[PDB]
Amino acid sequence: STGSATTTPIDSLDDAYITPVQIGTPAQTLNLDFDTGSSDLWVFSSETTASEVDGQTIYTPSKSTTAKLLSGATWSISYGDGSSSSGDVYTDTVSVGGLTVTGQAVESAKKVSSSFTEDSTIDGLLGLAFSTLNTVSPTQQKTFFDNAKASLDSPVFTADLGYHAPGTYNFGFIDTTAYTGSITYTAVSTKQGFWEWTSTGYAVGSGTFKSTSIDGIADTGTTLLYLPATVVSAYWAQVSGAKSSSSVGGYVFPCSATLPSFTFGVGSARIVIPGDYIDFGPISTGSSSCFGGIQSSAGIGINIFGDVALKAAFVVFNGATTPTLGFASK
């Protein structure tokens, strides 16, 4: 089997991407944030504290003939950006782009943090990291991909995120028309539960490539590119007037600037992030100070190849017995 679904930016900045997901019988379609940095499929629901629902589409298990309460099971998650959610668990039928899993753990939110309430476009998350990170207790649950894996033509999914435009998540096959050149594959560590890999270095604009190992995670659920302070400093030094602002919470730059590209290494290959991808607009409406799309990972504890990086590539998440990651230009 295979599946193919379109993923759409939630706003003009590509702050996140939503992908339609069918849950239950008859289908209830919710727009979920596919997140290769977490491993819970959770949704706004009929059980969510009413004051914490503001415009989202909810999953109502009682209207699904295939929903079954997973007795005793609860979940609770906190994300790298400080947001959180928790609740109980149903199993139900879940389909993505024509690919169907029966008995998928659907985690029903009773509580969500303000960040989620305030974002009316995201109805929940669909985790695509490794199932070892799943928060369901006392019985840990498998991700959608894990459940689908054996049925897929090939045990892979691919992320093809658009810049200011829709893209595609595919399951079970590699669309050879979706990228240019070759796909370069690189080793993955699953020891922390993430799609963790090591980039071979970077360049700033037309600058010379610096060979250096950068350990990081491929995370579709994170907006920006978070790298070591040395790297980030070298990038923003090439932008006149750019500075790190503690009050704003990272590097800002004059909105009148032309940003240089940023290249990262995948083995011997190179992925180029155009400068425009690194512009996240005025820090506040009407401001001439713009927020940078490359930020320091210092104090996160891990480097994160977020959407800024991933949307510049066609990315293969290979879930073979020994997982790997592939990157191609497009």
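The residues of the chain are indexed from 1 along the displayed sequence. All values below come from the heavy atoms of this structure, side chains included, with hydrogens, waters and symmetry mates left out.
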Practice task
Could you tell me the separation between the CG atom of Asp219 and the CG atom of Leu225, rounded to the nearest 0.5 Å?
Solution key: 11.5 Å
Completion exercise
When every non-hydrogen atom of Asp160 is compared with those of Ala178, the smallest separation belongs to OD2-CB, 4.0 Å
Handout entry: Under 3.5 Å donor-acceptor, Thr29 side chain and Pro20 backbone
Key = no
Handout entry: Min side-chain heavy-atom separation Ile58-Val53 under 4.5 Å
Key = yes
Exercise for the section: Give the C-alpha distance, both sets of side-chain angles, the deciding distance and a yes or no for side-chain hydrogen bond (donor to acceptor under 3.5 Å, both in side chains) between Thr25 and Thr66. Expected result: CA-CA 6 Å; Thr25 310; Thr66 44; 2.8 Å; yes
Handout entry: Minimum side-chain heavy-atom gap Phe144-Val96 below 4.5 Å
Key = yes
Exercise for the section: Answer yes or no: is there a side-chain heavy-atom contact under 4.5 Å between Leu310 and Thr220? Expected result: yes
Handout entry: Side-chain heavy atoms of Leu152 within contact of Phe173, under 4.5 Å
Key = no
Exercise for the section: Indicate whether any N or O donor in one side chain lies under 3.5 Å from an N or O acceptor in the other, for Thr7 and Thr19. Expected result: yes
Handout entry: Nearest-0.5 Å distance that lies between atom OH in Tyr202 and atom OG1 in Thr230
Key = 5.5 Å
Problem - Full working for side-chain hydrogen bond (donor to acceptor under 3.5 Å, both in side chains) between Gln140 and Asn134 - result: CA-CA 6 Å; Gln140 189 168 59; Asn134 176 265; 5.1 Å; no
Problem - Verdict with supporting geometry, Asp307 and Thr223, side-chain hydrogen bond (donor to acceptor under 3.5 Å, both in side chains) - result: CA-CA 5 Å; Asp307 299 335; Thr223 312; 4.9 Å; no
Completion exercise
Separation between CG (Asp279) and CG (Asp14), nearest 0.5 Å, reads 11.0 Å
Problem - Donor-acceptor contact present, side-chain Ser113 to main-chain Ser84, <3.5 Å - result: yes
Completion exercise
Here the ring-ring contact (aromatic ring centres under 6.0 Å, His included) pairs for residues 296-317, sequence neighbours left out, are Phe157-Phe317, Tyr179-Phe314, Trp195-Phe317, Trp197-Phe305, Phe264-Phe305
Completion exercise
Heavy atoms of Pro282 and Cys290 approach each other most closely as N-SG, 3.6 Å
Problem - Straight-line distance of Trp75 CH2 to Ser85 OG, nearest 0.5 Å - result: 3.5 Å
Exercise for the section: Indicate whether any N or O donor in one side chain lies under 3.5 Å from an N or O acceptor in the other, for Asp92 and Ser64. Expected result: yes
Problem - Between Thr100 and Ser95, a side-chain donor and acceptor under 3.5 Å - result: yes
Exercise for the section: Kindly indicate whether the side chain of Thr190, heavy atoms from C-beta on, has any atom under 4.5 Å from the side chain of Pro323. Expected result: yes
Practice task
Check whether any side-chain heavy atom of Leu32 lies under 4.5 Å from a side-chain heavy atom of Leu41, and answer yes or no.
Solution key: yes
Fill in the blank from the handout: To the nearest 0.5 Å, atom CD1 of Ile183 lies from atom OG1 of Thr176 at 8.5 Å
Practice task
Evaluate ring pair (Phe, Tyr, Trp, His ring centres under 6.0 Å) for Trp42 paired with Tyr59, printing each intermediate quantity in order.
Solution key: CA-CA 10 Å; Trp42 75 259; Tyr59 168 63; over 10 Å; no
Practice task
Output yes when a side-chain donor or acceptor of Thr49 lies under 3.5 Å from a complementary backbone atom of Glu52, and no otherwise.
Solution key: no
Problem - Heavy-atom check, side chain of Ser329 versus side chain of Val272, under 4.5 Å - result: no
Exercise for the section: Step by step, work out the side-chain hydrogen bond (donor to acceptor under 3.5 Å, both in side chains) result for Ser287 and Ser289. Expected result: CA-CA 5 Å; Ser287 178; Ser289 180; 4.8 Å; no
Exercise for the section: Write down the atom of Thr143, the atom of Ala129, and the distance for their closest heavy-atom approach. Expected result: CG2-O, 3.4 Å
Handout entry: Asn170 versus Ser4, closest heavy-atom pair with distance
Key = OD1-OG, 2.6 Å
Exercise for the section: Could you tell me which non-hydrogen atom of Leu133 sits nearest to which non-hydrogen atom of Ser39, and how far apart they are? Expected result: CB-OG, 3.6 Å
Problem - Residues, nucleotides or ligands: over 12 heavy atoms within 6.0 Å of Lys210 NZ - result: no
Practice task
Report the C-alpha separation of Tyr235 and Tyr251 in whole Å, then their side-chain angles, then the decisive distance to 0.1 Å, and conclude whether the ring pair (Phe, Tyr, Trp, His ring centres under 6.0 Å) test is met.
Solution key: CA-CA 10 Å; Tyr235 178 81; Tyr251 281 88; 8.9 Å; no
Practice task
Ignoring hydrogens and angles, state whether a donor on the side chain of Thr2 or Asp153 is under 3.5 Å from an acceptor on the partner side chain.
Solution key: no
Exercise for the section: Give me the one residue out of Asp123, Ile122, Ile10 that meets side chain to side chain contact (heavy atoms under 4.5 Å, CB included) with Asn31. Expected result: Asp123
Problem - Side-chain H-bond candidate by donor/acceptor type, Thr121 with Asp119, under 3.5 Å - result: yes
Exercise for the section: Would you indicate whether the side-chain heavy atoms of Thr36 and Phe34 approach each other to under 4.5 Å? Expected result: no
Exercise for the section: Tell me yes or no: between the side chains of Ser108 and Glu47, is some donor less than 3.5 Å from an acceptor? Expected result: yes
Completion exercise
Rounding to 0.5 Å, atoms CD (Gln141) and OG (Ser131) come to a distance of 9.0 Å
Problem - Contact summary for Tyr169 and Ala159, nearest pair of heavy atoms - result: CE2-CB, 3.6 Å
Exercise for the section: Examine the side chains of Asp54 and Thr117 and answer whether a donor and an acceptor come within less than 3.5 Å of each other. Expected result: no
